[PDB]
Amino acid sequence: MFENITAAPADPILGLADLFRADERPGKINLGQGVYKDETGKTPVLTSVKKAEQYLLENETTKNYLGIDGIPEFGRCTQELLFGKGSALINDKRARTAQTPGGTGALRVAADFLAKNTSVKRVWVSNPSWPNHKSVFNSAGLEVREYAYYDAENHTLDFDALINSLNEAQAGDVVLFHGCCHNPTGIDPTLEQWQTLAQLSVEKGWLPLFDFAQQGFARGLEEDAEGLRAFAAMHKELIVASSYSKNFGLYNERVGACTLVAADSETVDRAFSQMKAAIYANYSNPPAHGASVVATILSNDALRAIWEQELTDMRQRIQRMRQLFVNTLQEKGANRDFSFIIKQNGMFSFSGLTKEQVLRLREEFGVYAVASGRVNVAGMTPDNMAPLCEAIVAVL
């Protein structure tokens, strides 16, 4: 059976990770990873999370199965984070939320649900996008198509080209939007631009699908949801894949959610039952620990306050690195204006380096980035900025 199975392609993300480990050079710098890093260069457990875990250690009396859709309070808190306290969506009971193993899990559950219960045949993703999106949808049996997004000249959202491209999208197609902190470009639509896309979406007949991987990393928790909420006000139908991997630092505990919005309670409840069917045939029910940590934090005034400041501290450190990066390149003799980096949002930023410049940065200077030129800004610190920028300037 397995004699002639074709190997999976190498995978450059794991390859980059392994080449970074083997690199015996002491001044090596990793900007190719997907996780947050602090001023010391590590991915720590949040203080709020540790406190939540201690409480669970002390008060859990059973590990009996969660329901297919997971911890109710988790779903309730997730819906308030996405739509806001006073949302009409929540009030009319139009939204149903499944706890899932991470954002990826939420995308996959969304994909299986649509492929098995709707007429959806294809999904539209940005160019570039996170490469995991394509694989997830393709596995459910959905075609992936690309719409234009990145203006390579101005390091901006090519908005005219984005509209032009999506006009090819038929009614009943899914169109995937990154709620905030676009991966890999860090380029987000403005509110006016979100409102325009919301309007275009309703008349063109798209099912919008929002991927929220970094809620709270752009401007703030509420601000980063504005785009979503603009779509929410316009649309009858909507899906959201959200992740707490980055904003709670719970990557390996697989904490995410799939939220289904329909016109009314009877419809959403009926659609959601088939979404639960898609979860039952996949992993049966979701993992409790990570999601229980999140629900414990968000429903407790003290822990939430502590957590929100931790998230704010991450957001601001990134924003300090963005500026320090631009100023350091400026004063190191930068063959280029990098001021666009400051206007980009969140973990990631397209540096605009060529694949050869990137490959050279690794070979000569021990600086690791992704082939596309994506850099993780959280991998930058005050200590490694000088040598990072010297390397970059030397390859321009």
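Residue numbers run from 1 along the displayed sequence.
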| property | result |
| --- | --- |
| Stretch with the greater mean C-alpha B-factor as recorded in the entry, comparing 97-105 against 167-175 | 167-175 |
| 259-267 or 147-155, whichever carries the higher mean Cα B-factor | 147-155 |
| Out of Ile68, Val49, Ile341, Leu57, residue topping the C-alpha B-factor column of the entry | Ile341 |
| Chain-relative CA temperature factor third for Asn282 | lowest |
| Position of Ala305 among the chain's modelled residues by C-alpha B-factor, lowest, middle or highest third | lowest |
| Ranked against its chain, the third holding the CA B-factor of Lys42 | middle |
| Within-chain third of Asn335 by Cα B-factor, per the entry | highest |
| Record-listed C-alpha B factor of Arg362: chain third | highest |
